[PDB]
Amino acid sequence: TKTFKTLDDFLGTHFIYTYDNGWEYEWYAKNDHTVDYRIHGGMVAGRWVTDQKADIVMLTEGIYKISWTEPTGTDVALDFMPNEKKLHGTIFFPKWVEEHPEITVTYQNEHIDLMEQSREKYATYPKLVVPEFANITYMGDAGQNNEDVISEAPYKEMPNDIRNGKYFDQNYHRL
C-alpha cells in the first residue's frame, strides 16, 4: 500500500473506520475544502452528508487535520494518520443532538432548514464531547470531486460491498 506524504496523497481518499464498540463511519476527502460522510453504526447511524465545507491541512508529513461545523451546530476536528491506519476524531455535539439524535439521521442536504431550526429551538449545553481513536479498515483512491462515492443512504452490507470490490466499478464510479 502507498505511503501518504503530501496533502495531494490524502485528498481524494475514501475511508471507512471502526471504533472499539464496533461502530462504523465513512468519510471522503472530496477536495481541499469539501467533505462527504456516511454513518453506519451508533447514535446517528443512517445519517449522511455531502458537500460539507471544511478546513483541510497537512499538519506534518502524512498527518492531516480537518475542521468543520455543521448545520446542526456540531463541531468536528478529525486527524488522519493513514500510514498507521489510525484516525482520531473529536465531535462536539450540542446537547439537543445527544437528546434527539434521530432528528439528524437523514440525508442532511435535503433538511438544512430543519437542522438550523432545531439548533435554535432546543438546548445547546452541556455539549457531548466525544474524542476517540478509530481503526481505518478501508482506504480507496476515489480521486477528487467524485460525486459517486457518497451518493446514497447507507445500507446494512454496504461497507462489506465496498471492501469486497462489489460497490464501485474500475473507475471508482457506480454502475
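All residue numbers are counted from 1 along the displayed sequence.
The stretch 22 to 30 shows the higher mean C-alpha B-factor when 123 to 131 is compared against 22 to 30 in the entry.
Per-stretch averaging of Cα B factors for 155 to 163 and 6 to 14 places 155 to 163 on top. Highest CA B-factor among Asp148, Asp55, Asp113, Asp51, as stated in the entry: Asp113. Taking the deposited Cα B-factors for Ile66, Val35, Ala45, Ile63, the highest one is held by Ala45. Annotation for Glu102: C-alpha temperature factor in the middle third relative to the rest of the modelled chain, per the entry.
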